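Working notes for the structure below.
None of the figures in this text is laboratory data; all of them are computed from the coordinates on show. Cβ coordinates were reconstructed from backbone atoms using ideal geometry, including for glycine residues, and neighbour counts include every protein chain displayed.
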Amino acid sequence: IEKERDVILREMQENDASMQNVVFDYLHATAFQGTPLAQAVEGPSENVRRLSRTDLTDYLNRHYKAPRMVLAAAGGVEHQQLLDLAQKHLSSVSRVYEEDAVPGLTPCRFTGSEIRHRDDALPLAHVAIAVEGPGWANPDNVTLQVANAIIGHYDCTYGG
Amino acid sequence: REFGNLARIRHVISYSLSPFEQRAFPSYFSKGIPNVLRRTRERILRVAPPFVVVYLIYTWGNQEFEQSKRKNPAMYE
């Protein structure tokens, strides 16, 4: 835990040195502020340093439940053999909760806002502008992906 | 001169909200009257006393002009 904690500190420094991830994390924070969707996946360094083994066991016993797990196989695999192996191994996952401490999905507000991290010594500027999306279950995802295909993408090494 | 470059700024993060998502008059009175009263306290002693002297010698000049208009009884015979 201590060794990987040092690894996470070094990797957070590396990802801070990465230009695009900083901007996407800033966009997530300034779009879903005040909600659990604002916080980055790696988490703050204070929580990384102060996190203990008992928090990891609590997360394992709270979030690694049976019905929120999908065992997916693709390729030269038989579903009957996969089901038999899943019955052999992943049968006992303890879907029940510790004291009926069942969590719940809460909607996260979208807000119109900006964050500007000005540091003029850097060579290039990264800017991301977004709006509120439709969600997974909304049938407008195909239309909005088509519109994203209309707008397209470009890199400076494109041969077009 | 042009908006792209004017000065060198490093490590400064600015947070801003949408005008259609925040109020236009947030605590206009409760946080507004103490602010203007604090500004008045800060800049009341350097402004008011000269105008007090204006008013004082205004009244003094009017009084002296009206007294010069008024005659005197130095003419009894």
- Item | Loop-exposed chymotrypsin sites (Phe, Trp or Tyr not before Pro) per DSSP, neighbour cap 16 Cβ within 10 angstrom, longest uninterrupted part of chain A | A:1-63
- Message: Using +1 at the C-beta of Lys and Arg and -1 at the C-beta of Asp and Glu, which of B:22, A:156, B:67 has the Cα lying farthest in the positive direction of the dipole of the protein assembly as shown?
- Response: B:67
- Message: Compute a Gaussian network model of chain B, connecting alpha carbons closer than 10 Å, and tell me which residue from B:47, B:36, B:12 fluctuates the most.
- Response: B:12
- Note on the structure: Restricting to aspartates and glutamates and to Cα separations under 19 Å from residue A:88, and discarding same-chain partners fewer than 8 apart, the set is A:78
- Item | Size of electric dipole in the protein assembly as shown: Cβ of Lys, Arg +1 and of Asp, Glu -1, about Cα centre, debye, nearest 20 | 1420 debye
- Note on the structure: In terms of the charge dipole of the stretch A:18-160, which places +1 on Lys and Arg and -1 on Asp and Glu at the beta carbon, the residue among A:117, A:147, A:91 farthest towards the positive end is A:91
- Message: Cut-off 10 angstrom, C-alpha nodes, Gaussian network model of chain A. Which of A:34, A:135, A:75 fluctuates the most?
- Response: A:75
- Message: If the only charges are +1 at each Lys and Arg Cβ and -1 at each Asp and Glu Cβ, what is the size of the charge dipole of chain B around the Cα centre, to the nearest 20 debye?
- Response: 440 debye
- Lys/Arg +1, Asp/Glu -1 at C-beta; the protein assembly as shown dipole; positive extreme among B:54, A:138, A:12: B:54
- Query: What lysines sit close enough to residue A:3 to cross-link, taking a C-alpha to C-alpha distance under 29 Å and skipping anything fewer than 8 places away on the same chain?
  - Reply: A:65
- Item | Inter-part distance where the stretch B:63-77 and the stretch A:98-160 are each reduced to a Cα centre, Å | 89 Å
